[PDB]
């Protein structure tokens, strides 16, 4: 399998006034690299496009948003003097030719700008085992995973059954719910379900794990709070099947 567009890093948490530099590598053979900012409020907005090491086109961002392209077509963008409203998904797209050929997007770098690193919390994660009544009525068994109390929304939740990653029988909420909807610093919650047959749940050898990867602070961020530094980490919960 050949690589698609790659972007590095995937997640960043910064405070106001800091700067970030983001990288993107195009698909092999693509020479046009474009950057876009996606926010909930302004949608996708064009930053700039590079080809053969020079900027070809630019949007309407102020000069604290900058870019560049190296001779192997890799591109960087930089944002200085970060503001809360700079929190966004920073998307790169490569193309053979943006005038007549499709844009191929990366998955983005997620940036959150916060007032204070003391706003950052990892998720608490718990699994809730199936109802007996569900099992008797349907011959199916639904496990629920909750990931709660996290900020920012930099989480990836996945289910593993006997060590293998499952997608059949799963549904994870597309967006989290704000625990306190009116506040800009509100912590988040996310739910997910995994449904199996009653027979599979009833085998005590079957092992179920809900995994949440949280992308948090850097080792270079200072931390002076009593609570554990909210670094990048996995928080997990598990269950085993049960005959009765």
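Numbering follows the first chain given and starts at 1.
Per-stretch averaging of Cα B factors for 182-190 and 209-217 places 182-190 on top. For the pair 119-127 and 93-101, the mean B factor over Cα atoms is greater in 93-101.
The top Cα temperature factor in the record, among 34, 38, 66, 52, falls on 52. Which of 78, 72, 109, 112 has the largest Cα B-factor in the deposited entry comes down to 72. In the PDB entry, a CA B factor belonging to the highest third of its chain's modelled residues is recorded for residue 228.
In the deposited entry, the Cα temperature factor of residue 132 places it in the highest third of its chain's modelled residues. Sort the chain's modelled residues by C-alpha temperature factor and residue 198 lands in the middle third, per the entry.
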